[PDB]
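Written out below as structure tokens is the structure these notes cover.
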Amino acid sequence: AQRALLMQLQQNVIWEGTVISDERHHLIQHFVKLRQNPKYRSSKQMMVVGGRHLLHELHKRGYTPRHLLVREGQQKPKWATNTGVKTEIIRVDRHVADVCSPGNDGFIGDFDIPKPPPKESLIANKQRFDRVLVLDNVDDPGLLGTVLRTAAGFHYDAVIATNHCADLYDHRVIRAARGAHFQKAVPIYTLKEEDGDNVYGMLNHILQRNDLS
Amino acid sequence: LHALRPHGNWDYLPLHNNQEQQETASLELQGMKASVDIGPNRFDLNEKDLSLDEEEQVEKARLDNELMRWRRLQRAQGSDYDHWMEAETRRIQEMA
Amino acid sequence: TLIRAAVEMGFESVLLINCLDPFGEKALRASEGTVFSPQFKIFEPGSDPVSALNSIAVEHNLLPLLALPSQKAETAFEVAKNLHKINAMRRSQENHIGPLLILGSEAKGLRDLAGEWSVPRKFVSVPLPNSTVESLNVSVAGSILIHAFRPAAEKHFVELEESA
Amino acid sequence: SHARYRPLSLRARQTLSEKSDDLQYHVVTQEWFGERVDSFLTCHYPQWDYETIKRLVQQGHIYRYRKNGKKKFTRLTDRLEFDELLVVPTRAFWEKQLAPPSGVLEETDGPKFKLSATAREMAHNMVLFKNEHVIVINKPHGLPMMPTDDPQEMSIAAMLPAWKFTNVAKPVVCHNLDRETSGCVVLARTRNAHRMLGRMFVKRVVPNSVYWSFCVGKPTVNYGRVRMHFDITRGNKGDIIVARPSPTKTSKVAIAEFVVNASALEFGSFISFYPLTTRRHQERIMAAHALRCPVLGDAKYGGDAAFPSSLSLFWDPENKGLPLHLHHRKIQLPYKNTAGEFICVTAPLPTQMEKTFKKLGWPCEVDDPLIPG
Amino acid sequence: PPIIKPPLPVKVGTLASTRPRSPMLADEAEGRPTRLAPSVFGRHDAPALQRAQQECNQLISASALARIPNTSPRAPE
Amino acid sequence: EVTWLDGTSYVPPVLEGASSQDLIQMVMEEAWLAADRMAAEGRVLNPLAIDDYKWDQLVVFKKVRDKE
Ligand SMILES: [Mg+2]
């Protein structure tokens, strides 16, 4: 009994030499709560990203997660093993990785949510906005992620999400966007009427200020 | 989005390649980019331009006095004979 | 989604090489019966893609355009304008030439066909100025290519030529 | 391991030093006339540490010969003399059956372990008292102090690199504790501090440690002095401990002073031990056999009476996984605070022992006036 | 393997090495010779020691080292 | 030379050791005094409110509050 309790203790205290096998682990519970609960996700300011190639691109850009879950049978990333990174690496089994994320490529990064752009630019911008995208009441996250991806590709001056939108830090939108949240070219702002900010007031101010149709 | 993408009107600006090439670019076209259109042109905007209130000024003076007394107290804290001899021989090697 | 875009913008037939399932249920969900439509004809070549494409191209007098990540020609709008201008010149002379679209996944497999394409060939891409993102979704790129080389857009391009 | 060291008396060490030939006889020319021995050695051997030179000179491995036929031993403060020799052992001198001091050789740390942020937070939580000389931590229950047979099992001896907040090297544990003991563990920061504090943990007459325990049953006397002689012998799978009342040439004595704080209807009792020796499972075996009342949870010594039907009301006798009620409550230190009283640090009881004391109505956090400070 | 180690110039010390063990010891380090002291590398007899001396061109006895200086007898031009 | 809405001429003296911030403080103190004079004489003055300069200043305010 003492050996079993000490093994479970080390599992909770993942100190090198053990892999995770139970979904009741604190880190797996943190991952699944960050994936499901949007309020807890916004309170923790973290997100879950899947894909070794996407994680490598984020590292190239300069973004690295504080936690990485690698599936057994796959090697460790060079960008995760180099000395400049502070990313902890944890071995994960197949079914617990599926419980963590519904789609497991073998690499799951617990990234820090990039700070949303300050609305002060949209309020009082020096340069004139050429074209601004306004997404209104999108239901499924796939379409939202794809339109974020194509907006980042076409380099729109600003993107706004008005009055209804899937949480931009959700796994599906993250997959369908592939770095649109981490990039800093196209600023995106989620204006939720229930939060106090007037979407139509903001839009009419932008119009009357930048002479937009 | 592909229709109303940014700079998508450049295909319609020039009605013909000959008419487009007839125009000659000048350094004025480069110079006009440095001027912000909506806002007025200003020289510098740094942290020193931030005006302070009376409470902020009093707090800053208090922090400066605290820093002064902290330097004074560290002159005696680091005066432990080991570190004091260390700094003394370092100054000697600097001047020599 | 690609089949639906093609048939909604007015495409007649489609070719599938190395496709997973032309009638899988998860594909029919996104297609919304557009593959079942009678005016939309699907085809399948047997391990002979180059001989399947070059023959039909040289027979039906069609211009192929490949959506490659190469930077040969990135202005799909100007490429479509040139194609519609050639079509309008043929119409004024009076046959018409139709657009072939090539949407692929692997650059190696696309070069394997580009190195053996017949005359004339053009590599068309999308105007993406951001170096951060690699490329758009293949479905979005195909939809943009169809919107460019739509057989109904020839009338609007003739209107553009008249207005210019 | 090309040289296997052997025990050596002073006579044998002198005989080997005389017989050896791996020596270096430095003359003292006019340039080194009157220089101190320590300055001479620190100027001649840049690779030898000052503490190493001190140990060599004060032990006598580096002596001087004044041409008088006999060798002369000096301290560090002694001045040299013209025309005389200074004898220094070489590298090959320590390759015989003569054990060298610690500093003269090079000790390789080898492989190091990489700790996670969660483990570092757990260590910072375990830290109780921090000082520029000593660090006191609260070791949890069921944790191995030293790496056991299984190399994949965690231990405290490998958590050392996470405790050096500013030191150049990891702290060193002063005394080891049993796996089941849930007490406080002391670490020394300075290599000299470890040597200075190692004297406290030898057999003594006045106690400076407190062990809170909950035994099954009430002993005869409320306060007493337990003493028994242990014999440890190697066996097939483990060790055999033989306890005797009478001394023996091979026996090692074990002494403690026990005080019964409270009694729970003569079926359970709370007691405080103050040991005077350091023996394996000392207080546990004392409470098991001498007091004739085993501590609740000592399955290895009297497992049947460990989990009693009496206390079965509170805990399930079929699980047999409750933490052993063995807590190093209070331990003194030679260091004084600003008030002048010696610093005696106290470790809080684990949550399971707190639950037991709450179910029994006894206060969980009480000061121990027997050991002052 | 030389039998007699001749004097060698002292090694340049780092900061911590040239730092004395005490600020009062910081004064003894003022006068120090720039050369180490010669030595022997074993226990040998008188003929072996004399042969090592004549081979390495170095004397062992400090008395003789001081009494016999290597001086050019000629007068300076 | 500084001329206000009324037309009064004021000259901030410039001496050695006087900094640009010193001159700014002098000019702004005299400007507050002149504005008090206008309001007492009866001249109406545009009041201070939130402007694009105030937003550009909150930019560096956010910068310094994120710094420390
Ligand atoms: Mg003894």
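Please note that chains go A, B, ... in the order of the structure tokens, that every chain numbers its residues from 1, and that ligands are numbered from 1 in the order shown.
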Using only C-alpha atoms and all ligand atoms, find each protein or nucleic acid residue lying at most 10 Å from ligand 1; present the set as a VMD selection string. chain D and resid 202 to 204 252 to 253 277
From a DSSP pass on the backbone, collect the residues of segment 9-68 of chain F flagged as alpha helix (DSSP H) and hand them back as a PDB file with N, CA and C atoms, in the first residue's frame.
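What follows is the written file selection24.pdb:
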ATOM      1  N   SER F  20      13.809  72.021 -20.192  1.00  0.00           N
ATOM      2  CA  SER F  20      12.608  72.096 -21.014  1.00  0.00           C
ATOM      3  C   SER F  20      11.362  71.827 -20.184  1.00  0.00           C
ATOM      4  N   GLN F  21      11.441  70.877 -19.250  1.00  0.00           N
ATOM      5  CA  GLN F  21      10.320  70.639 -18.346  1.00  0.00           C
ATOM      6  C   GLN F  21      10.062  71.858 -17.470  1.00  0.00           C
ATOM      7  N   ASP F  22      11.126  72.551 -17.059  1.00  0.00           N
ATOM      8  CA  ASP F  22      10.970  73.789 -16.301  1.00  0.00           C
ATOM      9  C   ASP F  22      10.212  74.832 -17.113  1.00  0.00           C
ATOM     10  N   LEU F  23      10.599  75.013 -18.377  1.00  0.00           N
ATOM     11  CA  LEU F  23       9.901  75.970 -19.229  1.00  0.00           C
ATOM     12  C   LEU F  23       8.449  75.560 -19.440  1.00  0.00           C
ATOM     13  N   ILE F  24       8.198  74.260 -19.604  1.00  0.00           N
ATOM     14  CA  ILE F  24       6.830  73.778 -19.776  1.00  0.00           C
ATOM     15  C   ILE F  24       5.998  74.085 -18.541  1.00  0.00           C
ATOM     16  N   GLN F  25       6.567  73.858 -17.355  1.00  0.00           N
ATOM     17  CA  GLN F  25       5.839  74.125 -16.119  1.00  0.00           C
ATOM     18  C   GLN F  25       5.549  75.613 -15.965  1.00  0.00           C
ATOM     19  N   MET F  26       6.534  76.463 -16.270  1.00  0.00           N
ATOM     20  CA  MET F  26       6.311  77.906 -16.226  1.00  0.00           C
ATOM     21  C   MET F  26       5.183  78.317 -17.166  1.00  0.00           C
ATOM     22  N   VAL F  27       5.244  77.851 -18.416  1.00  0.00           N
ATOM     23  CA  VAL F  27       4.255  78.249 -19.410  1.00  0.00           C
ATOM     24  C   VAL F  27       2.873  77.747 -19.020  1.00  0.00           C
ATOM     25  N   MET F  28       2.789  76.543 -18.451  1.00  0.00           N
ATOM     26  CA  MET F  28       1.482  75.998 -18.101  1.00  0.00           C
ATOM     27  C   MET F  28       0.900  76.684 -16.871  1.00  0.00           C
ATOM     28  N   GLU F  29       1.744  77.054 -15.906  1.00  0.00           N
ATOM     29  CA  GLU F  29       1.253  77.820 -14.767  1.00  0.00           C
ATOM     30  C   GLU F  29       0.729  79.178 -15.217  1.00  0.00           C
ATOM     31  N   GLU F  30       1.491  79.864 -16.074  1.00  0.00           N
ATOM     32  CA  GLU F  30       1.021  81.145 -16.587  1.00  0.00           C
ATOM     33  C   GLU F  30      -0.223  80.979 -17.449  1.00  0.00           C
ATOM     34  N   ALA F  31      -0.357  79.841 -18.134  1.00  0.00           N
ATOM     35  CA  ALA F  31      -1.549  79.590 -18.936  1.00  0.00           C
ATOM     36  C   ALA F  31      -2.772  79.380 -18.057  1.00  0.00           C
ATOM     37  N   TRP F  32      -2.614  78.665 -16.943  1.00  0.00           N
ATOM     38  CA  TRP F  32      -3.726  78.523 -16.008  1.00  0.00           C
ATOM     39  C   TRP F  32      -4.117  79.872 -15.420  1.00  0.00           C
ATOM     40  N   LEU F  33      -3.126  80.700 -15.077  1.00  0.00           N
ATOM     41  CA  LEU F  33      -3.434  82.038 -14.576  1.00  0.00           C
ATOM     42  C   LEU F  33      -4.178  82.863 -15.623  1.00  0.00           C
ATOM     43  N   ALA F  34      -3.731  82.802 -16.878  1.00  0.00           N
ATOM     44  CA  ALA F  34      -4.390  83.560 -17.935  1.00  0.00           C
ATOM     45  C   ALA F  34      -5.801  83.045 -18.190  1.00  0.00           C
ATOM     46  N   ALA F  35      -6.005  81.730 -18.097  1.00  0.00           N
ATOM     47  CA  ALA F  35      -7.342  81.175 -18.278  1.00  0.00           C
ATOM     48  C   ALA F  35      -8.269  81.607 -17.150  1.00  0.00           C
ATOM     49  N   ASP F  36      -7.753  81.647 -15.920  1.00  0.00           N
ATOM     50  CA  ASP F  36      -8.524  82.218 -14.820  1.00  0.00           C
ATOM     51  C   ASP F  36      -8.889  83.667 -15.110  1.00  0.00           C
ATOM     52  N   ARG F  37      -7.944  84.435 -15.656  1.00  0.00           N
ATOM     53  CA  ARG F  37      -8.227  85.829 -15.988  1.00  0.00           C
ATOM     54  C   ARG F  37      -9.320  85.940 -17.045  1.00  0.00           C
ATOM     55  N   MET F  38      -9.274  85.086 -18.069  1.00  0.00           N
ATOM     56  CA  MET F  38     -10.307  85.116 -19.102  1.00  0.00           C
ATOM     57  C   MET F  38     -11.669  84.767 -18.518  1.00  0.00           C
ATOM     58  N   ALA F  39     -11.729  83.696 -17.720  1.00  0.00           N
ATOM     59  CA  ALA F  39     -12.997  83.286 -17.125  1.00  0.00           C
ATOM     60  C   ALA F  39     -13.544  84.351 -16.185  1.00  0.00           C
ATOM     61  N   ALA F  40     -12.665  85.108 -15.527  1.00  0.00           N
ATOM     62  CA  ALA F  40     -13.132  86.187 -14.663  1.00  0.00           C
ATOM     63  C   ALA F  40     -13.614  87.378 -15.480  1.00  0.00           C
ATOM     64  N   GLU F  41     -12.927  87.683 -16.582  1.00  0.00           N
ATOM     65  CA  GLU F  41     -13.355  88.779 -17.443  1.00  0.00           C
ATOM     66  C   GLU F  41     -14.673  88.462 -18.137  1.00  0.00           C
ATOM     67  N   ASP F  52      -7.713  62.566 -28.577  1.00  0.00           N
ATOM     68  CA  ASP F  52      -6.785  61.599 -29.148  1.00  0.00           C
ATOM     69  C   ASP F  52      -5.406  61.711 -28.515  1.00  0.00           C
ATOM     70  N   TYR F  53      -5.020  62.908 -28.073  1.00  0.00           N
ATOM     71  CA  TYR F  53      -3.786  63.027 -27.304  1.00  0.00           C
ATOM     72  C   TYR F  53      -3.901  62.293 -25.976  1.00  0.00           C
ATOM     73  N   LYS F  54      -5.075  62.342 -25.344  1.00  0.00           N
ATOM     74  CA  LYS F  54      -5.265  61.599 -24.105  1.00  0.00           C
ATOM     75  C   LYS F  54      -5.179  60.098 -24.352  1.00  0.00           C
ATOM     76  N   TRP F  55      -5.658  59.638 -25.509  1.00  0.00           N
ATOM     77  CA  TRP F  55      -5.509  58.223 -25.841  1.00  0.00           C
ATOM     78  C   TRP F  55      -4.048  57.862 -26.099  1.00  0.00           C
ATOM     79  N   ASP F  56      -3.329  58.713 -26.835  1.00  0.00           N
ATOM     80  CA  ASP F  56      -1.908  58.472 -27.062  1.00  0.00           C
ATOM     81  C   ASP F  56      -1.124  58.496 -25.758  1.00  0.00           C
ATOM     82  N   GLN F  57      -1.622  59.220 -24.754  1.00  0.00           N
ATOM     83  CA  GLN F  57      -0.975  59.237 -23.449  1.00  0.00           C
ATOM     84  C   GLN F  57      -1.317  57.988 -22.643  1.00  0.00           C
ATOM     85  N   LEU F  58      -2.565  57.524 -22.723  1.00  0.00           N
ATOM     86  CA  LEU F  58      -2.909  56.258 -22.086  1.00  0.00           C
ATOM     87  C   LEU F  58      -2.165  55.091 -22.719  1.00  0.00           C
ATOM     88  N   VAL F  59      -1.716  55.233 -23.967  1.00  0.00           N
ATOM     89  CA  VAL F  59      -0.842  54.220 -24.560  1.00  0.00           C
ATOM     90  C   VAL F  59       0.392  54.005 -23.685  1.00  0.00           C
ATOM     91  N   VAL F  60       1.158  55.074 -23.450  1.00  0.00           N
ATOM     92  CA  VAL F  60       2.354  54.943 -22.626  1.00  0.00           C
ATOM     93  C   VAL F  60       2.002  54.684 -21.168  1.00  0.00           C
ATOM     94  N   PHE F  61       0.803  55.077 -20.730  1.00  0.00           N
ATOM     95  CA  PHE F  61       0.354  54.708 -19.391  1.00  0.00           C
ATOM     96  C   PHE F  61       0.225  53.194 -19.259  1.00  0.00           C
ATOM     97  N   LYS F  62      -0.414  52.556 -20.242  1.00  0.00           N
ATOM     98  CA  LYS F  62      -0.477  51.099 -20.280  1.00  0.00           C
ATOM     99  C   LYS F  62       0.917  50.494 -20.358  1.00  0.00           C
ATOM    100  N   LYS F  63       1.802  51.107 -21.148  1.00  0.00           N
ATOM    101  CA  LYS F  63       3.167  50.601 -21.262  1.00  0.00           C
ATOM    102  C   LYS F  63       3.861  50.580 -19.902  1.00  0.00           C
ATOM    103  N   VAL F  64       3.794  51.691 -19.165  1.00  0.00           N
ATOM    104  CA  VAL F  64       4.505  51.760 -17.890  1.00  0.00           C
ATOM    105  C   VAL F  64       3.815  50.910 -16.828  1.00  0.00           C
ATOM    106  N   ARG F  65       2.486  50.777 -16.889  1.00  0.00           N
ATOM    107  CA  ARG F  65       1.806  49.940 -15.906  1.00  0.00           C
ATOM    108  C   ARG F  65       2.059  48.461 -16.167  1.00  0.00           C
ATOM    109  N   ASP F  66       2.329  48.086 -17.420  1.00  0.00           N
ATOM    110  CA  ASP F  66       2.741  46.718 -17.701  1.00  0.00           C
ATOM    111  C   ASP F  66       4.209  46.496 -17.368  1.00  0.00           C
ATOM    112  N   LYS F  67       5.039  47.532 -17.507  1.00  0.00           N
ATOM    113  CA  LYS F  67       6.427  47.432 -17.070  1.00  0.00           C
ATOM    114  C   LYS F  67       6.502  47.195 -15.567  1.00  0.00           C
TER     115      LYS F  67
END
Residues near residue 322 of chain D, anyone? I mean within 8 Å using only C-alpha atoms, not counting same-chain ones fewer than 3 positions away, as a list in words. residues 297, 319 and 352 of chain D
Pull out every residue of chain B sitting within 7 Å of chain F, counting only C-alpha atoms, and send them as a list in words.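 Taken together, these residues fit the definition: residues 46, 47 and 50 of chain B.
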Selected residues written out, N, CA and C atoms, as a JSON list (two decimals), in the first residue's frame:
[["chain", "number", "residue", "atom", "x", "y", "z"],
["B", 46, "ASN", "N", 6.97, 60.00, -25.33],
["B", 46, "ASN", "CA", 7.62, 59.05, -24.44],
["B", 46, "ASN", "C", 6.98, 59.12, -23.06],
["B", 47, "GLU", "N", 7.56, 58.37, -22.11],
["B", 47, "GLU", "CA", 7.02, 58.31, -20.76],
["B", 47, "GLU", "C", 7.21, 59.61, -20.00],
["B", 50, "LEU", "N", 4.27, 62.14, -19.53],
["B", 50, "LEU", "CA", 3.16, 61.80, -18.64],
["B", 50, "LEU", "C", 3.16, 62.77, -17.46]]
Surrounding residues of residue 30 of chain E excluding itself and chain neighbours under 4 positions, 12 Å, only C-alpha atoms, as a ChimeraX atom specification: /D:35,39 /E:18-20,24-26,34
Distance limit 8 Å, atoms considered: only C-alpha atoms. Which chain B residues sit that close to chain C? Return them as number ranges by chain. B: 2, 11, 15
Now that the selection is made, can you save its residues with N, CA, C and O atoms as a CSV table (one decimal), in the first residue's frame?
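Saved file result_16.csv follows:
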chain,number,residue,atom,x,y,z
B,2,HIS,N,-12.5,37.5,-50.4
B,2,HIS,CA,-11.5,37.7,-51.5
B,2,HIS,C,-11.9,38.9,-52.3
B,2,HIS,O,-11.1,39.5,-52.9
B,11,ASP,N,-6.5,46.3,-58.9
B,11,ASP,CA,-6.7,45.8,-60.2
B,11,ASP,C,-7.6,46.7,-61.0
B,11,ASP,O,-7.6,46.7,-62.3
B,15,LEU,N,-6.7,51.4,-65.4
B,15,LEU,CA,-7.6,50.9,-66.5
B,15,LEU,C,-6.8,50.2,-67.6
B,15,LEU,O,-7.4,49.5,-68.3
Worksheet entry | Long-range neighbours of residue 116 of chain C as a PyMOL selection string, 10 Å cut-off, only C-alpha atoms, 4 positions minimum in chain | chain C and resi 50-51+54+111-112
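When only C-alpha atoms are used to compute distances to chain C, the closest of the residues A:191, A:132, A:54, A:202 turns out to be A:54.
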Got a sec to pull out which chain A residues are within 10 Å of chain B, counting only C-alpha atoms, and send them as a JSON list (two decimals) with C-alpha atoms, in the first residue's frame?
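What follows is the written file selection.json:
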[["chain", "number", "residue", "atom", "x", "y", "z"],
["A", 124, "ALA", "CA", -8.42, 56.58, -31.59],
["A", 125, "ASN", "CA", -6.23, 55.28, -34.42],
["A", 126, "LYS", "CA", -3.50, 57.39, -35.98],
["A", 127, "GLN", "CA", -3.46, 55.64, -39.35],
["A", 128, "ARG", "CA", -6.68, 55.12, -41.28],
["A", 129, "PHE", "CA", -8.20, 51.64, -41.33],
["A", 130, "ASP", "CA", -8.64, 50.51, -44.93],
["A", 131, "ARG", "CA", -11.00, 47.54, -44.46],
["A", 132, "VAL", "CA", -12.44, 46.05, -41.27],
["A", 133, "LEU", "CA", -14.07, 42.63, -40.89],
["A", 147, "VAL", "CA", -12.62, 32.93, -41.44],
["A", 150, "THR", "CA", -8.44, 33.72, -44.23],
["A", 151, "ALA", "CA", -8.64, 37.17, -42.61],
["A", 153, "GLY", "CA", -4.10, 35.65, -44.75],
["A", 154, "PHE", "CA", -5.66, 38.62, -46.54],
["A", 155, "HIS", "CA", -4.24, 40.99, -43.87],
["A", 156, "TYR", "CA", -7.35, 42.83, -42.74],
["A", 157, "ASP", "CA", -6.68, 45.92, -40.65],
["A", 209, "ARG", "CA", -13.77, 58.63, -37.74],
["A", 210, "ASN", "CA", -12.14, 56.79, -40.65]]
- Secondary structure check, strand (DSSP E or B) residues of segment 127-335 of chain D, as JSON, numbers by chain: {"D": [127, 128, 129, 130, 134, 135, 136, 137, 138, 172, 173, 184, 185, 186, 187, 188, 209, 210, 211, 212, 213, 214, 215, 216, 223, 224, 225, 226, 227, 228, 229, 230, 231, 232, 233, 234, 239, 240, 241, 242, 243, 244, 252, 253, 254, 255, 256, 257, 258, 259, 260, 261, 262, 263, 264, 268, 269, 270, 271, 272, 273, 274, 275, 295, 326, 327, 328, 329, 330, 331, 332, 333, 334, 335]}
Item to complete: May I have the residues of chain A within 9 Å of chain C, counting only C-alpha atoms, written as a ChimeraX atom specification?
Response: /A:57,61,146,149-150,152-155,176,178-180,183,185
Same residues, N, CA and C atoms, output as an mmCIF file, in the first residue's frame:
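Done, and the output landed in selection29.cif:
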data_model
loop_
_atom_site.group_PDB
_atom_site.id
_atom_site.type_symbol
_atom_site.label_atom_id
_atom_site.label_comp_id
_atom_site.auth_asym_id
_atom_site.auth_seq_id
_atom_site.Cartn_x
_atom_site.Cartn_y
_atom_site.Cartn_z
ATOM 1 N N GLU A 57 5.838 25.884 -35.524
ATOM 2 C CA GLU A 57 5.659 27.213 -36.102
ATOM 3 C C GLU A 57 5.517 28.271 -35.014
ATOM 4 N N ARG A 61 7.915 31.476 -34.312
ATOM 5 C CA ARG A 61 7.440 32.840 -34.108
ATOM 6 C C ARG A 61 7.951 33.410 -32.790
ATOM 7 N N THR A 146 -11.874 29.195 -39.625
ATOM 8 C CA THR A 146 -11.487 29.324 -41.025
ATOM 9 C C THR A 146 -11.544 30.775 -41.488
ATOM 10 N N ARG A 149 -8.586 32.483 -40.145
ATOM 11 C CA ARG A 149 -7.417 32.113 -40.936
ATOM 12 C C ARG A 149 -7.349 32.919 -42.228
ATOM 13 N N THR A 150 -8.464 32.997 -42.957
ATOM 14 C CA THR A 150 -8.440 33.721 -44.225
ATOM 15 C C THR A 150 -8.319 35.227 -44.017
ATOM 16 N N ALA A 152 -6.534 36.623 -41.498
ATOM 17 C CA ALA A 152 -5.104 36.777 -41.260
ATOM 18 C C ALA A 152 -4.312 36.629 -42.551
ATOM 19 N N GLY A 153 -4.790 35.795 -43.476
ATOM 20 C CA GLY A 153 -4.102 35.647 -44.748
ATOM 21 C C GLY A 153 -4.232 36.870 -45.636
ATOM 22 N N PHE A 154 -5.435 37.435 -45.723
ATOM 23 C CA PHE A 154 -5.663 38.623 -46.539
ATOM 24 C C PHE A 154 -5.248 39.913 -45.843
ATOM 25 N N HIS A 155 -4.804 39.843 -44.588
ATOM 26 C CA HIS A 155 -4.241 40.986 -43.869
ATOM 27 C C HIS A 155 -5.262 42.118 -43.732
ATOM 28 N N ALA A 176 -8.817 25.344 -36.628
ATOM 29 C CA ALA A 176 -9.233 25.892 -37.913
ATOM 30 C C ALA A 176 -8.547 27.213 -38.240
ATOM 31 N N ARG A 178 -5.091 28.040 -36.932
ATOM 32 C CA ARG A 178 -3.678 27.687 -37.081
ATOM 33 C C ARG A 178 -2.783 28.926 -37.009
ATOM 34 N N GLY A 179 -2.784 29.557 -35.836
ATOM 35 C CA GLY A 179 -1.896 30.666 -35.558
ATOM 36 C C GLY A 179 -2.495 32.045 -35.728
ATOM 37 N N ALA A 180 -3.762 32.144 -36.135
ATOM 38 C CA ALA A 180 -4.384 33.455 -36.286
ATOM 39 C C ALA A 180 -4.505 34.172 -34.950
ATOM 40 N N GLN A 183 -0.646 35.290 -34.036
ATOM 41 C CA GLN A 183 -0.056 36.338 -34.853
ATOM 42 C C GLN A 183 -0.478 37.714 -34.344
ATOM 43 N N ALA A 185 -0.408 40.510 -36.637
ATOM 44 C CA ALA A 185 -0.645 41.354 -37.803
ATOM 45 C C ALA A 185 -2.079 41.872 -37.827
#
How far is it from atom CA of residue 161 of chain D to atom CA of residue 92 of chain A, in Å with one decimal?
->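 We find that atom CA of residue 161 of chain D and atom CA of residue 92 of chain A lie 26.4 Å from each other.
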List every residue of segment 71-147 of chain D that has an atom at most 10 Å from any atom of segment 1-7 of chain A, and for each one report the closest atom pair and its distance in Å to one decimal, counting only C-alpha atoms, with rows sorted by chain and then by increasing residue number, as JSON lines.
{"residue": "D:141", "atom": "CA", "partner": "A:6", "partner_atom": "CA", "distance": 9.6}
{"residue": "D:142", "atom": "CA", "partner": "A:2", "partner_atom": "CA", "distance": 6.6}
{"residue": "D:143", "atom": "CA", "partner": "A:6", "partner_atom": "CA", "distance": 7.3}
{"residue": "D:144", "atom": "CA", "partner": "A:6", "partner_atom": "CA", "distance": 9.3}
Kindly export the residues of the current selection with N, CA and C atoms, as a compact mmCIF listing (two decimals), in the first residue's frame.
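After the write, out.txt holds the following:
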# COMPACT_ATOMS: atom_id res chain seq x y z
N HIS D 141 5.04 11.93 5.16
CA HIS D 141 4.98 10.52 5.52
C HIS D 141 5.23 9.63 4.31
N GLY D 142 5.83 8.47 4.56
CA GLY D 142 6.04 7.49 3.50
C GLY D 142 6.94 7.96 2.39
N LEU D 143 7.93 8.79 2.70
CA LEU D 143 8.87 9.27 1.70
C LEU D 143 10.26 8.73 2.00
N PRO D 144 10.96 8.18 1.01
CA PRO D 144 12.31 7.65 1.27
C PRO D 144 13.31 8.78 1.45
Give me the residues near segment 110-124 of chain D as a PyMOL selection string, where near means some atom within 10 Å (using only C-alpha atoms) and where sequence neighbours in that chain fewer than 5 positions away do not count.
(chain A and resi 10+12-16+88-89) or (chain D and resi 137-139+156+158-163+165)
